[PDB]
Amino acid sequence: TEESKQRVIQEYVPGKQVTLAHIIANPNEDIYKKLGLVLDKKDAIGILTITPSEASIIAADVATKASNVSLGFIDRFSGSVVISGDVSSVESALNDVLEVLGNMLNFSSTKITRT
């Protein structure tokens, strides 16, 4: 019942978290085309989930400086970053992103995952 529920005021602010840092070694063509990507058959993708969304800019910059990856897209509204390149380059980029956001800027972090 309406009458039995506690009510609280919640003041919302974004957290600081990298929720996902995932490599897909051999992505299906239908999927990556729907994402707007232009890849070689040999290319892997790396996928990041980041809050606050503006920190996507930091991650994308770190990833592209880290190694030989291309920026697939950055979405500064949602926080999403997708990168592409060889598996080892994508792994190094994701590791650098996690070191900067997680260790340097004290975001809540995660380990790299892979399909």
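Heads up: residue numbers just count along the shown sequence, starting at 1.
- Higher mean CA B-factor, judged across 49-57 and 27-35 from the recorded values: 27-35.
- Look at the mean CA B-factor for 69-77 and for 83-91 in the entry; the higher one is 83-91.
- In the deposited entry, the Cα temperature factor of residue 97 places it in the lowest third of its chain's modelled residues.
- Annotation for residue 104: CA B-factor lies in the highest third of the chain's modelled residues.
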